[PDB]
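Student: Dumping the structure here so I can ask a few things about it.
Number of protein chains: 2
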Amino acid sequence: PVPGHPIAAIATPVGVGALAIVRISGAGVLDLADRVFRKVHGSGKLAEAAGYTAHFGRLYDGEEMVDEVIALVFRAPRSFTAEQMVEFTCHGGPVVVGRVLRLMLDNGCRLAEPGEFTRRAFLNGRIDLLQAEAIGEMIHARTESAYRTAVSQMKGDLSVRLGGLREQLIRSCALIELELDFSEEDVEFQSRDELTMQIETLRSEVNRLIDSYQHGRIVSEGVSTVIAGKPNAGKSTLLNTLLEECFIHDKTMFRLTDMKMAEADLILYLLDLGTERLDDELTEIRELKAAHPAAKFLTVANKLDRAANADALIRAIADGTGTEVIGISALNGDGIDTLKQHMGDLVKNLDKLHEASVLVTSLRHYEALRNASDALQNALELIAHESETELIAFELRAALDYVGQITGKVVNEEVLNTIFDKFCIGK
Amino acid sequence: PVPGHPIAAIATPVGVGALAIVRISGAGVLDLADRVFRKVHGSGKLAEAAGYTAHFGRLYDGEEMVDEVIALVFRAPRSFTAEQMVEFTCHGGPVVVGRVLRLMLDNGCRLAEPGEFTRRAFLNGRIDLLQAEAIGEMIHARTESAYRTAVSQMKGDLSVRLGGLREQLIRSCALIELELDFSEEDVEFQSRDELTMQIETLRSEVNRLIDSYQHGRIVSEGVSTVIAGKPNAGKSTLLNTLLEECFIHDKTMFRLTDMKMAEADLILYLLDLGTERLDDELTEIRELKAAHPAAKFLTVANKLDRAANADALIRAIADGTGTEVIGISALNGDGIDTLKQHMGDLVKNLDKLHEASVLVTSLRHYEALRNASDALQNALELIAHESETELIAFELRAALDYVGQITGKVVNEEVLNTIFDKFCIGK
Ligand SMILES: Nc1nc(=O)c2c([nH]1)NC[C@@H](CNc1ccc(C(=O)N[C@@H](CCC(=O)O)C(=O)O)cc1)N2C=O
Ligand SMILES: Nc1nc(=O)c2c([nH]1)NC[C@@H](CNc1ccc(C(=O)N[C@@H](CCC(=O)O)C(=O)O)cc1)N2C=O
Ligand SMILES: Nc1nc2c(ncn2[C@@H]2O[C@H](COP(=O)(O)OP(=O)(O)O)[C@@H](O)[C@H]2O)c(=O)[nH]1
Ligand SMILES: Nc1nc2c(ncn2[C@@H]2O[C@H](COP(=O)(O)OP(=O)(O)O)[C@@H](O)[C@H]2O)c(=O)[nH]1
């Protein structure tokens, strides 16, 4: 259970508050703490204290009282990082808290890399990659549904389901992984008949998951929306009135941005109604819609506040493009309520299984679940007819390898880096 | 030791972090905690737990897992508020932390008024008014010297010294407070000779303190500086290049502002060098200096970047006003280093006793120490010659009343309000 280098970090948000937490972790941490911590009543040393036990004392830079704090000892595996840690919670002043962090840093600790604490929690096996990512997802969450999704993932709901898939991928895999030497007349009395039934129910279980990512990505990172249109359309004017940037409506988040339009849930084409000289740029809107059939298209006719006649003009833009058109005054803010309601339509019209089925989020998992079900189909369709008995065991191990990668069974230490660099120093 | 209404509050700074602390306190708080907290391994209830003991469990809104937290039980008088409190430290996401606070609020707690926690700590007598104010002073501190000053006051250094004054004000006061009935031929063999010596050493001890406020106010709330001059002088241009607003230089803070000039440590008069048509507004600068003799005056000749000749002009502004003049280009930033150095001169030239003498800060204390030494002089000079023996006991009780007010011996519950309204919700 090797401990890491002692590391320290401010664990609470930057700013002014009643209290802050400096948290240190790693090899010999509470011996280090003892050099600077001094118990106020009696001298019960921290290194002598039980886990989950709090101590009121003072921090010192040699006769220089840094602050009055409360030290929380954690021991053994029974901590967040699953190593030795103490957590000073001090007065929540920026100058004070910074002094505390420095004191730790001067007396043995190094500054924590971003997400290193959770990284250690995963590496020590207290928590898995899903759960690790879930911690991050919760802290950054800005929607209720995003928050609730991370709670589920932290609780491990997905991990349970994925563990229930590793089940057959241990069962049916090791069943053929023992063809190594004992292959003379190996059977289980019509055994391959049940193996196909194991895979068919196994692959369909993976498919139920790969499906939820459509809803999941929306809940996690919101409905990605592009605002298109030629210069002077009103793009800027709409953007800041609706609030790279995002806003919330009907418990759903919308990521507004410009430029990769491949992968974009909703396209809003802005064109200045009755103002456009060259109005056959509705040919342009016809070929945006055509180039992104997966997206939801929505034609936003701007500058409705002038020319009070444009009902026929709206219908002409509609008919000429086959898209849906909405009249908008981005300056005044007219019909915006109607535009917003049309935007909230995207989530409403999708699918969504019985709420028991947990939503998979994050591209990484999706792609792996795909890679798994492809290897599963390779065993199902490509191999299961007349093909060999050694190449089939390759595909099954490939699937178990893929399902396991999402939970961290196979550590990539670059998959980890992209995950934890996303975290902030302190977690 | 009457407990207050259970109150809850986010105790950590607003924002995004690894961890946050919701802290609740008051009557029956850990019974309330128990309705929502659920220990993860075993069911050791919080209300059954020892003080200074931490518990890892989950918060719930009835089958709805709010978060995975760690509860810290505090009991009896042995807590910050000196009442029953638990402190949940949860994942530091704004959505999460807010959910936690709501859970507390829905299950018995009310939202804490600002500074109520420290208010309770003072009211329960765990801590005094000085120490109470010191907590605030530390959290808001933005200078090292401001930080170190609050630490001293939190440690109680001033309180010790002031307690050492309450000494004689109990000794010499009750010595004459027993003239109530036992006055027939009361003596202590030439007793009044030592009483004057008690007061003379007592009043001079108060005077040592009233003196430190000159340095103290600077350390606490910084050198208050007014930037004066007629429109188009360059006031705005200087202000934002030097950074209502304040900046730091030579470990000292400068409060820049416009208008009450009564009470202002440093006045900078800006006038556009070589640019001023009506240059006999140096009559105006002569009568600012004359109207505020206590302040430090400093004539700042702006717009030096044009007219490369103004050495003679500088000297003319100098000679015509008897002030010190500095050439400044507020736009380019020339001679600003020289202006800053002249500003740092104010703190350097003052007094400062041997560093053992603690700095009194805060107008409130100052005025009270004055009120005390005035009552002390009333006993010393007004009374001690031929005056009565009943009116002398009035002045001595007045001094003890004044010295005691600064430490909270006499609670004003409006003195308290102005102090704690200054605090933020959570402390
Ligand atoms: N003071 C504090 N420190 C933390 O590290 C922390 C909080 N609070 N609040 C939220 C909590 C959530 N995460 C956890 C998870 C597990 C453990 C832990 O000590 N693990 C033991 C539990 C066994 C037990 O005591 O019942 C384990 O062996 O799993 C600590 C924090 N968390 C971090 O965000
Ligand atoms: N978790 C936490 N809670 C707090 O309330 C708190 C921190 N940390 N860190 C800084 C500390 C400073 N203030 C104090 C002061 C006294 C006590 C206290 O429990 N008083 C007992 C001490 C006796 C003992 O255990 O030795 C007393 O009777 O005076 C708690 C916090 N503080 C708040 O800002
Ligand atoms: N009358 C009117 N003018 C608008 C409206 N929206 C934008 N404009 C004007 O059109 C100009 C360009 O708009 P802008 O949002 O910057 O479009 P963009 O440059 O393509 O992002 C601005 O100077 C606005 O004054 C609108 O709804 N009504
Ligand atoms: N060349 C030059 N122009 C300046 C300087 N300082 C200010 N100005 C100009 O003087 C004008 C008024 O300055 P301002 O700071 O607003 O003075 P205030 O209105 O009295 O606060 C501005 O428009 C500046 O362009 C300087 O140091 N050099």
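Going down the list, the sequences are from chains A and A'. A prime marks a further copy of an entry chain. Residue numbers 9 to 251, 270 to 284, 305 to 473, in the deposited numbering, belong to the letters of the first sequence in order. Residue numbers 9 to 251, 270 to 284, 305 to 473, in the deposited numbering, belong to the letters of the second sequence in order. Even for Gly, the Cβ is constructed at its ideal location relative to N, Cα and C.
Runs of 4 residues minimum, wholly inside the segment 398-465 of chain A: which ones carry the alpha helix (DSSP H) assignment?
Tutor: Taking only runs of at least 4 residues, the alpha helix (DSSP H) segments lying wholly in the segment 398-465 of chain A are 409-423, 438-453.
Student: Name the two residues that bound the continuous beta strand (DSSP E) containing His275 of chain A.
Tutor: As a position in the first sequence, residue 275 of chain A is number 249, starting the count at 1. Where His275 of chain A is concerned, the enclosing beta strand (DSSP E) stretches over 271-275.
Student: For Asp351 of chain A', does the three-state DSSP call read helix, strand or coil?
Tutor: What you label residue 351 of chain A' is simply residue 305 of the second sequence in a count that begins at 1. It is coil, neither helix nor strand.
Student: For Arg150 of chain A, which residues in chain A' fall below 8 Å Cβ to Cβ?
Tutor: The residue given as residue 150 of chain A occupies position 142 in the first sequence. Neighbours of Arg150 of chain A on chain A', chain order: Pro102, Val103.
Student: Can the beta-carbon of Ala158 of chain A' be found closer than 8 Å to that of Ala142 of chain A'?
Tutor: Translated into positions along the second sequence, residue 158 of chain A' becomes position 150. Translated into positions along the second sequence, residue 142 of chain A' becomes position 134. In contact: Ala158 of chain A' and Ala142 of chain A' (Cβ atoms closer than 8 Å).
Student: With a floor of 4 residues, list each alpha helix (DSSP H) that falls wholly inside the segment 196-249 of chain A', ordered by position along the chain.
Tutor: For the segment 196-249 of chain A', whole alpha helix (DSSP H) runs of length 4 or above, ordered along the chain, are 200-229, 243-249.
Student: With a Cβ-Cβ cutoff of 8 Å, do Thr407 of chain A and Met279 of chain A count as a contact?
Tutor: In the first sequence, the residue the question calls residue 407 of chain A occupies position 361. In the first sequence, the residue the question calls residue 279 of chain A occupies position 253. Not in contact: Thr407 of chain A and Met279 of chain A (Cβ atoms no closer than 8 Å).
Student: Within 10 Å of its beta-carbon, does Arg211 of chain A have 16 or more other beta-carbons around it, so buried, or fewer, so exposed?
Tutor: The residue labelled residue 211 of chain A in the question sits at position 203 within the first sequence. Buried: at least 16 other Cβ atoms inside 10 Å.
Student: Hey, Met146 of chain A' and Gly450 of chain A are a contact pair by Cβ (cut 8 Å); roughly how many whole angstroms apart?
Tutor: Along the second sequence, one-based indexing puts residue 146 of chain A' at 138. Along the first sequence, one-based indexing puts residue 450 of chain A at 404. At roughly 50 Å, the Cβ-Cβ gap does not stay under 8 Å, so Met146 of chain A' and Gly450 of chain A are not in contact.
Student: If you draw a straight line from the C-alpha of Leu317 of chain A to the C-alpha of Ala354 of chain A, how long is it?
Tutor: On the first sequence, residue 317 of chain A is found 271 positions in, with the first residue counted as 1. On the first sequence, residue 354 of chain A is found 308 positions in, with the first residue counted as 1. Straight-line Cα distance between these residues: approximately 16 Å.
Student: Using a beta-carbon distance below 8 Å, is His275 of chain A' in contact with chain A?
Tutor: Here residue 275 of chain A' corresponds to residue number 249 of the second sequence, with the count starting at 1. Chain A contact via Cβ: absent.
Student: Could you check how far apart the C-beta atoms of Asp114 of chain A' and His99 of chain A' are, in whole angstroms? I think they sit under 8 Å.
Tutor: In the second sequence, residue 114 of chain A' corresponds to position 106, counting from 1. In the second sequence, residue 99 of chain A' corresponds to position 91, counting from 1. With 8 Å as the limit, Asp114 of chain A' and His99 of chain A' do not qualify as a contact, their Cβ atoms being about 19 Å apart.
Student: Within 8 Å (strictly less), CB to CB, does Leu317 of chain A' reach chain A?
Tutor: Here the question's residue 317 of chain A' lines up with position 271 in the second sequence. Not closer than 8 Å to any Cβ of chain A, the Cβ of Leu317 of chain A' fails to qualify, so no.
Student: Quick one: measure Cβ to Cβ for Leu319 of chain A' and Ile235 of chain A', integer angstroms, because I've assumed they're closer than 8 Å.
Tutor: Taking the first residue of the second sequence as 1, we reach residue 319 of chain A' at position 273. Taking the first residue of the second sequence as 1, we reach residue 235 of chain A' at position 227. The pair is not a contact, with the Cβ atoms about 16 Å apart (cut-off 8 Å).
Student: Please list the partners that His99 of chain A has in chain A', where partner means a Cβ-to-Cβ separation under 7 Å.
Tutor: As a position in the first sequence, residue 99 of chain A is number 91, starting the count at 1. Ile143, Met146, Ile147, listed in chain order.
Student: Within its chain, find whatever has a CB closer than 7 Å to the CB of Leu462 of chain A'; leave out the 5 residues flanking it on each side and keep chain order.
Tutor: Taking the second sequence and counting its residues from 1, one reaches residue 462 of chain A' at position 416. So the qualifying residues of the chain are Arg127.
Student: Cutting at 7 Å between CB atoms, please list the residues of its own chain near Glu213 of chain A', excluding the five before and the five after it.
Tutor: If you number the second sequence from 1, residue 213 of chain A' lands on position 205. So the qualifying residues of the chain are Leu173.
Student: Going by DSSP, what residue range makes up the alpha helix (DSSP H) through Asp318 of chain A?
Tutor: Working through the first sequence from its first residue, we reach residue 318 of chain A at position 272. Note, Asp318 of chain A: premise wrong, no alpha helix (DSSP H); beta strand (DSSP E) at 312-318.
Student: Measuring only the C-alpha atoms, how far is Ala439 of chain A' from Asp201 of chain A'?
Tutor: As a first step, residue 439 of chain A' is located in the second sequence; it is residue number 393 there, counting from the start. As a first step, residue 201 of chain A' is located in the second sequence; it is residue number 193 there, counting from the start. Approximately 16 Å between the Cα atoms of the pair.
Student: With a CB to CB cut of under 8 Å and the five nearest residues on each side skipped, what residues in its chain are close to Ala90 of chain A'?
Tutor: Counting from one through the second sequence, the residue named residue 90 of chain A' turns up at place 82. Result list for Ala90 of chain A': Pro9, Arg128, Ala129, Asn132, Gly133, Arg134, in chain order.
Student: If we define contact as Cβ-Cβ less than 8 Å, is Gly472 of chain A a contact residue for chain A'?
Tutor: Along the first sequence, read from residue 1 onward, the residue named residue 472 of chain A stands at position 426. Chain A', which has a Cβ nearer than 8 Å to the Cβ of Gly472 of chain A, makes this yes.
Student: For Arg179 of chain A', count neighbouring C-beta atoms within 10 Å of its own C-beta (all shown protein chains included) and say buried if the count is 16 or more, exposed if not.
Tutor: Position 171 of the second sequence, counted from the first residue, corresponds to residue 179 of chain A'. By the 10 Å Cβ count, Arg179 of chain A' comes out exposed.
Student: Measuring straight from C-alpha to C-alpha, what distance separates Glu333 of chain A' and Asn240 of chain A'?
Tutor: As a first step, residue 333 of chain A' must be located in the second sequence, where it is residue number 287. As a first step, residue 240 of chain A' must be located in the second sequence, where it is residue number 232. So the two alpha carbons sit approximately 20 Å from each other.
Student: By Cβ distance below 7 Å, which residues in the same chain neighbour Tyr412 of chain A in space, the five residues on each side in sequence not counted?
Tutor: Numbered from 1 along the first sequence, position 366 holds the residue referred to as residue 412 of chain A. Same-chain partners within the cutoff: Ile218, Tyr221, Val406.
Student: Is the Cβ of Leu80 of chain A' closer than 8 Å to any Cβ of chain A?
Tutor: Along the second sequence, read from residue 1 onward, the residue named residue 80 of chain A' stands at position 72. It does; some Cβ of chain A falls within 8 Å.
Student: Are there any heavy atoms of ligand 5 lying less than 7 Å away from the beta-carbon of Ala353 of chain A', as far as the coordinates show?
Tutor: By its list of ligands, the structure shown excludes ligand 5, since it contains just ligand 1, ligand 2, ligand 3 and ligand 4.
Student: Could you spell out the range, first to last residue, of the alpha helix (DSSP H) harbouring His148 of chain A'?
Tutor: One-based indexing of the second sequence puts residue 148 of chain A' at position 140. First-last of the alpha helix (DSSP H) with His148 of chain A': 137-148.
Student: What's the C-alpha gap between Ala149 of chain A and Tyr60 of chain A?
Tutor: Position 141 of the first sequence, counting from 1, holds the residue named residue 149 of chain A. Position 52 of the first sequence, counting from 1, holds the residue named residue 60 of chain A. Rounded to the nearest angstrom, the two C-alpha atoms are 29 Å apart.
Student: Can you tell me where the beta strand (DSSP E) with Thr384 of chain A' in it begins and where it stops?
Tutor: Reading the second sequence from its first residue, position 338 is the one you call residue 384 of chain A'. Per DSSP, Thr384 of chain A' belongs to no beta strand (DSSP E); it is in the alpha helix (DSSP H), 382-389.
Student: Indicate whether at least one CB of chain A lies closer than 8 Å to the CB of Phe125 of chain A'.
Tutor: By one-based count along the second sequence, residue 125 of chain A' stands at place 117. Yes, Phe125 of chain A' lies at the interface with chain A (some Cβ there is under 8 Å from its Cβ).
Student: From the DSSP output, in three-state form, read off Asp357 of chain A for me.
Tutor: On the first sequence, residue 357 of chain A is found 311 positions in, with the first residue counted as 1. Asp357 of chain A falls in the helix class under three-state DSSP.
Student: Taking the straight line between their C-alpha atoms, what separation do you get for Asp165 of chain A' and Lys349 of chain A'?
Tutor: Residue mapping note: residue 165 of chain A' aligns to position 157 of the second sequence, counting from 1. Residue mapping note: residue 349 of chain A' aligns to position 303 of the second sequence, counting from 1. Distance between the alpha carbons of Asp165 of chain A' and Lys349 of chain A': 49 Å.
Student: Residues in its own chain within less than 8 Å of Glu208 of chain A' by CB, not counting five upstream and five downstream?
Tutor: As a first step, residue 208 of chain A' must be located in the second sequence, where it is residue number 200. Only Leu426 meet the Cβ criterion.
Student: Going by C-alpha distance, which of A':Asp365, A':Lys335, A':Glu309 is nearest residue 266 of chain A'?
Tutor: One cannot assign coordinates to residue 266 of chain A', given that chain A' in this structure leaps from 251 to 270.
Student: Is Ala430 of chain A near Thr97 of chain A, with beta carbons less than 8 Å apart?
Tutor: Working through the first sequence from its first residue, we reach residue 430 of chain A at position 384. Working through the first sequence from its first residue, we reach residue 97 of chain A at position 89. For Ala430 of chain A and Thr97 of chain A, no; Cβs fall outside 8 Å.
Student: With DSSP collapsed to three states, give me the class of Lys342 of chain A'.
Tutor: In the second sequence, the residue the question calls residue 342 of chain A' occupies position 296. In the structure shown, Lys342 of chain A' sits in a strand (DSSP, three-state: E or B).
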